[PDB]
Amino acid sequence: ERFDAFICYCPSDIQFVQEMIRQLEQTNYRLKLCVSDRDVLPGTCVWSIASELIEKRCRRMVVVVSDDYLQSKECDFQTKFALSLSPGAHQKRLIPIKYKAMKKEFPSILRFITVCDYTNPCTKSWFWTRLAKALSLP
């Protein structure tokens, strides 16, 4: 019902959502992720239910950024709705994640928020710690 993080992703990025399920929910972190393909019930508006999940039921929103993420549109609506709720990132509500090598530009609208980067081999040791800590605070 109530969650810790809404996960915004496209059909290609659902597998990093599986790694995320494993690492954040099936470990000592005990995080509750509102994966769309699992916790969003059919019959609900793909816009209104995401709006009232991000606004009133999840405390944060996680964006699994990629090239196939930019090719999507539902993810872009949800991302712009996240930024619209805490603009200027004053509430730490929006966590963009880079987990894969990209040959396209990072979303220019998310340029000023801190990207959790899984691609750097000398900083991956704090990836899951930082993500679980960011999802663990009010």
# chains A, B, ... in the order shown; residues from 1 in each chain; ligands from 1
call {"tool": "select_by_dssp", "arguments": {"residues": "region 4-119 of chain A", "states": "strand (DSSP E or B)", "output": "PyMOL selection string"}}
result
chain A and resi 5-8+33-34+60-65+94-98+116-117
call {"tool": "write_last_selection", "arguments": {"atoms": "N, CA and C atoms", "output": "short mmCIF file (atom, residue, chain, number, x, y, z; two decimals), in the first residue's frame"}}
result
data_model
loop_
_atom_site.label_atom_id
_atom_site.label_comp_id
_atom_site.auth_asym_id
_atom_site.auth_seq_id
_atom_site.Cartn_x
_atom_site.Cartn_y
_atom_site.Cartn_z
N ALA A 5 9.91 3.58 -2.32
CA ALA A 5 10.39 4.13 -3.58
C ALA A 5 9.55 3.61 -4.73
N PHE A 6 9.12 4.53 -5.60
CA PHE A 6 8.52 4.18 -6.88
C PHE A 6 9.64 4.06 -7.90
N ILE A 7 9.65 2.97 -8.66
CA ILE A 7 10.70 2.72 -9.64
C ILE A 7 10.17 3.05 -11.03
N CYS A 8 10.83 3.98 -11.70
CA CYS A 8 10.48 4.38 -13.06
C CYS A 8 11.46 3.73 -14.03
N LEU A 33 9.80 -1.61 -2.81
CA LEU A 33 9.85 -0.97 -4.11
C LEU A 33 8.51 -1.14 -4.82
N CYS A 34 7.98 -0.03 -5.35
CA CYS A 34 6.73 -0.06 -6.11
C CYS A 34 7.05 -0.26 -7.59
N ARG A 60 9.90 8.29 -2.26
CA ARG A 60 10.88 8.70 -3.25
C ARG A 60 10.51 8.08 -4.59
N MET A 61 11.20 8.51 -5.64
CA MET A 61 11.07 7.90 -6.95
C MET A 61 12.45 7.64 -7.53
N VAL A 62 12.63 6.44 -8.08
CA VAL A 62 13.90 6.01 -8.65
C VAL A 62 13.74 5.91 -10.16
N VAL A 63 14.65 6.53 -10.90
CA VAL A 63 14.63 6.53 -12.36
C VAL A 63 15.79 5.68 -12.85
N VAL A 64 15.48 4.62 -13.59
CA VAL A 64 16.50 3.75 -14.17
C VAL A 64 16.77 4.29 -15.57
N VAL A 65 17.70 5.23 -15.66
CA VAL A 65 18.00 5.94 -16.89
C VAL A 65 18.76 5.03 -17.85
N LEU A 94 13.92 12.51 -5.90
CA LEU A 94 14.12 11.93 -7.22
C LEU A 94 15.56 11.42 -7.33
N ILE A 95 15.71 10.10 -7.49
CA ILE A 95 17.02 9.46 -7.53
C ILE A 95 17.25 8.88 -8.92
N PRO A 96 17.98 9.56 -9.80
CA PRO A 96 18.31 8.97 -11.10
C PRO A 96 19.48 8.00 -10.98
N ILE A 97 19.35 6.86 -11.66
CA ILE A 97 20.34 5.79 -11.59
C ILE A 97 20.87 5.52 -12.99
N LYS A 98 22.19 5.54 -13.13
CA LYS A 98 22.85 5.07 -14.34
C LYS A 98 23.51 3.74 -14.03
N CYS A 116 23.22 8.29 -9.20
CA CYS A 116 23.84 7.10 -8.63
C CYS A 116 24.37 6.25 -9.77
N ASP A 117 25.69 6.11 -9.85
CA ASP A 117 26.35 5.55 -11.03
C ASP A 117 26.84 4.14 -10.73
#
call {"tool": "select_by_dssp", "arguments": {"residues": "chain A", "states": "helix (DSSP H, G or I)", "output": "number ranges by chain"}}
result
A: 14-25, 36-39, 48-56, 67-70, 74-85, 87-89, 108-110, 124-134
call {"tool": "closest_atom_pairs", "arguments": {"of": "region 60-134 of chain A", "to": "region 20-26 of chain A", "cutoff": "9 Å", "atoms": "only C-alpha atoms", "output": "JSON lines"}}
result
{"residue": "A:128", "atom": "CA", "partner": "A:23", "partner_atom": "CA", "distance": 7.2}
{"residue": "A:131", "atom": "CA", "partner": "A:24", "partner_atom": "CA", "distance": 8.5}
{"residue": "A:132", "atom": "CA", "partner": "A:24", "partner_atom": "CA", "distance": 6.4}
call {"tool": "write_last_selection", "arguments": {"atoms": "N, CA, C and O atoms", "output": "short mmCIF file (atom, residue, chain, number, x, y, z; two decimals), in the first residue's frame"}}
result
data_model
loop_
_atom_site.label_atom_id
_atom_site.label_comp_id
_atom_site.auth_asym_id
_atom_site.auth_seq_id
_atom_site.Cartn_x
_atom_site.Cartn_y
_atom_site.Cartn_z
N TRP A 128 25.00 0.38 -3.84
CA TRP A 128 23.83 -0.14 -3.14
C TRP A 128 23.70 0.47 -1.75
O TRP A 128 22.58 0.73 -1.29
N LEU A 131 22.19 3.91 -2.34
CA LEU A 131 20.80 3.83 -2.79
C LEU A 131 19.88 3.44 -1.64
O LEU A 131 18.83 4.05 -1.43
N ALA A 132 20.27 2.41 -0.88
CA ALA A 132 19.46 1.97 0.24
C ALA A 132 19.39 3.03 1.33
O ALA A 132 18.36 3.15 2.01
#
call {"tool": "closest_residue", "arguments": {"among": "A:99, A:47, A:29, A:112", "to": "residue 81 (chain A)", "atoms": "only C-alpha atoms"}}
result
A:47
call {"tool": "residues_around", "arguments": {"residues": "residue 91 (chain A)", "least_positions_apart": "2", "cutoff": "12 Å", "atoms": "only C-alpha atoms", "output": "PDB file with N, CA and C atoms, in the first residue's frame"}}
result
ATOM      1  N   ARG A  59       7.577   7.452  -0.969  1.00  0.00           N
ATOM      2  CA  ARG A  59       8.312   8.584  -0.421  1.00  0.00           C
ATOM      3  C   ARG A  59       9.350   9.134  -1.388  1.00  0.00           C
ATOM      4  N   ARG A  60       9.900   8.290  -2.257  1.00  0.00           N
ATOM      5  CA  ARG A  60      10.880   8.697  -3.252  1.00  0.00           C
ATOM      6  C   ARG A  60      10.509   8.078  -4.591  1.00  0.00           C
ATOM      7  N   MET A  61      11.204   8.509  -5.641  1.00  0.00           N
ATOM      8  CA  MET A  61      11.066   7.896  -6.954  1.00  0.00           C
ATOM      9  C   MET A  61      12.445   7.635  -7.535  1.00  0.00           C
ATOM     10  N   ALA A  82       7.678  13.708 -11.084  1.00  0.00           N
ATOM     11  CA  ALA A  82       8.525  13.724  -9.898  1.00  0.00           C
ATOM     12  C   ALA A  82       9.157  15.096  -9.705  1.00  0.00           C
ATOM     13  N   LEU A  83       9.815  15.614 -10.749  1.00  0.00           N
ATOM     14  CA  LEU A  83      10.408  16.947 -10.676  1.00  0.00           C
ATOM     15  C   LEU A  83       9.368  18.015 -10.379  1.00  0.00           C
ATOM     16  N   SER A  84       8.130  17.815 -10.823  1.00  0.00           N
ATOM     17  CA  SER A  84       7.106  18.822 -10.596  1.00  0.00           C
ATOM     18  C   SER A  84       6.665  18.876  -9.142  1.00  0.00           C
ATOM     19  N   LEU A  85       6.857  17.797  -8.388  1.00  0.00           N
ATOM     20  CA  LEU A  85       6.378  17.759  -7.013  1.00  0.00           C
ATOM     21  C   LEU A  85       7.371  18.374  -6.036  1.00  0.00           C
ATOM     22  N   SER A  86       8.668  18.107  -6.213  1.00  0.00           N
ATOM     23  CA  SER A  86       9.735  18.777  -5.471  1.00  0.00           C
ATOM     24  C   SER A  86      10.690  19.399  -6.483  1.00  0.00           C
ATOM     25  N   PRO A  87      10.307  20.510  -7.109  1.00  0.00           N
ATOM     26  CA  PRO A  87      11.208  21.156  -8.067  1.00  0.00           C
ATOM     27  C   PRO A  87      12.424  21.740  -7.371  1.00  0.00           C
ATOM     28  N   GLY A  88      13.544  21.737  -8.089  1.00  0.00           N
ATOM     29  CA  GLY A  88      14.805  22.127  -7.503  1.00  0.00           C
ATOM     30  C   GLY A  88      15.422  21.095  -6.588  1.00  0.00           C
ATOM     31  N   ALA A  89      14.812  19.913  -6.468  1.00  0.00           N
ATOM     32  CA  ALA A  89      15.364  18.790  -5.708  1.00  0.00           C
ATOM     33  C   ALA A  89      15.576  19.134  -4.237  1.00  0.00           C
ATOM     34  N   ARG A  93      13.708  13.844  -3.466  1.00  0.00           N
ATOM     35  CA  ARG A  93      12.666  12.885  -3.818  1.00  0.00           C
ATOM     36  C   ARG A  93      12.977  12.069  -5.065  1.00  0.00           C
ATOM     37  N   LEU A  94      13.917  12.507  -5.897  1.00  0.00           N
ATOM     38  CA  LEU A  94      14.125  11.926  -7.221  1.00  0.00           C
ATOM     39  C   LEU A  94      15.555  11.415  -7.335  1.00  0.00           C
ATOM     40  N   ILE A  95      15.707  10.103  -7.485  1.00  0.00           N
ATOM     41  CA  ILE A  95      17.020   9.465  -7.534  1.00  0.00           C
ATOM     42  C   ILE A  95      17.254   8.876  -8.921  1.00  0.00           C
ATOM     43  N   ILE A 113      20.731  16.936 -10.543  1.00  0.00           N
ATOM     44  CA  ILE A 113      20.580  16.035  -9.405  1.00  0.00           C
ATOM     45  C   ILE A 113      21.661  14.965  -9.472  1.00  0.00           C
ATOM     46  N   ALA A 134      19.558   6.334   0.740  1.00  0.00           N
ATOM     47  CA  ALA A 134      18.702   7.381   0.199  1.00  0.00           C
ATOM     48  C   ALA A 134      17.233   6.992   0.276  1.00  0.00           C
ATOM     49  N   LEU A 137      15.315   7.222   4.345  1.00  0.00           N
ATOM     50  CA  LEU A 137      15.167   8.417   5.155  1.00  0.00           C
ATOM     51  C   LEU A 137      13.844   9.117   4.866  1.00  0.00           C
ATOM     52  N   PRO A 138      13.246   9.768   5.876  1.00  0.00           N
ATOM     53  CA  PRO A 138      11.996  10.521   5.712  1.00  0.00           C
ATOM     54  C   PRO A 138      12.198  11.852   4.988  1.00  0.00           C
TER      55      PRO A 138
END
call {"tool": "residues_around", "arguments": {"residues": "residue 37 (chain A)", "least_positions_apart": "3", "cutoff": "12 Å", "atoms": "only C-alpha atoms", "output": "JSON list (two decimals) with C-alpha atoms, in the first residue's frame"}}
result
[["chain", "number", "residue", "atom", "x", "y", "z"],
["A", 6, "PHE", "CA", 8.52, 4.18, -6.88],
["A", 7, "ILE", "CA", 10.70, 2.72, -9.64],
["A", 8, "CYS", "CA", 10.48, 4.38, -13.06],
["A", 9, "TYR", "CA", 11.79, 2.17, -15.85],
["A", 10, "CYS", "CA", 11.19, 0.86, -19.36],
["A", 11, "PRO", "CA", 10.80, -2.83, -20.39],
["A", 13, "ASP", "CA", 15.52, -1.64, -17.62],
["A", 14, "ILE", "CA", 13.30, -4.03, -15.63],
["A", 15, "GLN", "CA", 16.26, -6.36, -15.07],
["A", 17, "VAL", "CA", 14.87, -3.49, -11.25],
["A", 18, "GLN", "CA", 15.27, -7.23, -10.57],
["A", 33, "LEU", "CA", 9.85, -0.97, -4.11],
["A", 34, "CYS", "CA", 6.73, -0.06, -6.11],
["A", 40, "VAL", "CA", 0.51, -1.37, -10.14],
["A", 41, "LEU", "CA", -2.84, -3.10, -10.62],
["A", 42, "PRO", "CA", -4.51, -3.29, -14.05],
["A", 46, "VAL", "CA", -1.24, 4.86, -16.37]]
call {"tool": "atom_distance", "arguments": {"atom1": "CA of residue 53 (chain A)", "atom2": "CA of residue 30 (chain A)"}}
result
19.4 Å
call {"tool": "atom_distance", "arguments": {"atom1": "CA of residue 51 (chain A)", "atom2": "CA of residue 106 (chain A)"}}
result
23.6 Å
call {"tool": "closest_residue", "arguments": {"among": "A:12, A:66, A:78, A:129", "to": "residue 52 (chain A)", "atoms": "only C-alpha atoms"}}
result
A:78
call {"tool": "atom_distance", "arguments": {"atom1": "CA of residue 55 (chain A)", "atom2": "CA of residue 118 (chain A)"}}
result
27.0 Å
